[PDB]
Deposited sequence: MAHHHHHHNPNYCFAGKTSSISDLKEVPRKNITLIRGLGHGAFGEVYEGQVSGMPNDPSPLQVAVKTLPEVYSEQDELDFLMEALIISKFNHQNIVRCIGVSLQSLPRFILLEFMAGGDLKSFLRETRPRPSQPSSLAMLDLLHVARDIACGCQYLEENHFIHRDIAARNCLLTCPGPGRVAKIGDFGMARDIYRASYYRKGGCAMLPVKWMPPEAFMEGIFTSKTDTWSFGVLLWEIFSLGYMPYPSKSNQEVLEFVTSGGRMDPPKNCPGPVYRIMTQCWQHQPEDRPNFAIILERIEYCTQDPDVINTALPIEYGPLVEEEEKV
């Protein structure tokens, strides 16, 4: 069985906390592999490996458990344990009742009925949360490679929500595929052109996540295909501000999207700038667009 090295420690599948299958109860589907709300009474999310999957699938599923289990940070989802000695194989994760960030932004957009559902400060707190997660990965020399709203989760729908990075399947694949499946809209030039990935790769992607957040869940580069985005970005093209986006927030995006990786901020600097935004009354008093 494969080994995994994070920080100074090497780990194996034998290190994963096996939870007896008999102690695990499935409650409901969550939006499926498949994913369930479960009970161990500890509430968990159950990520399953379909039995119809091959050998590489098994290994990838396994490696992802190892990866998540070795992190220790508040803005990265916890792994409760695994159930690998029965089929289908289970990974048990911290249950995030707020669901994924992209769906949340789209479903929670301010409306005529819910004009006050979300405010600028809520978006800034989500951004800060994920940036704090990205900073922890950066300082531990881990490159995520797929920072995006679809891969972030929320503890709850309501005001006390915490955002966390919840999927590590791309870092798992490159750790050990298709072109039309690559998240090119989240990738910097050196990444999609040279296959070069650094901490500054995640900075660019975080800039796109910021745009996702402040657009309230729109697909990046509206109406452009992957190949068109590739040519656009390579030529110096960048997204416009999301509707009603404060200039200080758009400025963080455009800094994350600098062409040269060395010119882009590390996450410590990103966090500082996000914090300054939350301090500025003109930023947080800005009204979000209410779609009719």
*Which runs of the deposited chain sequence never show up in the coordinates?*
1-8, 41-43, 52-59, 196-201, 318-327
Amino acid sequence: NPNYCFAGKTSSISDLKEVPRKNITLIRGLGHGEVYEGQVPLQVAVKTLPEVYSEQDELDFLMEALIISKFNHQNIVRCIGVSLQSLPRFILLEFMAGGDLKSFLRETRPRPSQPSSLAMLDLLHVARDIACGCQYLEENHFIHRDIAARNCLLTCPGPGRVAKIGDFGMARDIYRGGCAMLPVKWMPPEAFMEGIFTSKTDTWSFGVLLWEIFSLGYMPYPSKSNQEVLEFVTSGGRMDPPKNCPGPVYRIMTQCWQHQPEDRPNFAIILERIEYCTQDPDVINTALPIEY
From here on, numbers count along this sequence of modelled residues.
*As stated in the PDB record, which stretch has the larger average Cα B-factor, 105-113 or 193-201?*
105-113
*Residue range whose averaged C-alpha B-factor is higher in the record, 90-98 or 115-123*: 115-123
_In terms of recorded Cα temperature factor, pick the maximum from 244, 260, 54, 227._
54
*Peak C-alpha temperature factor (PDB record), options 187, 130, 174, 219*: 174
*Just say lowest, middle or highest third for the CA B-factor of residue 170 relative to the other modelled residues in its chain.*
highest
*Based on the entry's values, in what third of the chain does the Cα temperature factor of residue 74 lie: lowest, middle or highest?*
middle
*Which third of the chain holds residue 13 when residues are ordered by C-alpha B factor: lowest, middle or highest?*
highest
*For residue 252, does the deposited CA B-factor place it in the lowest, middle or highest third of the chain?*
lowest
_Quick check on the deposited entry: does the C-alpha B-factor of residue 40 sit in the lowest, middle or highest third of its chain?_
highest
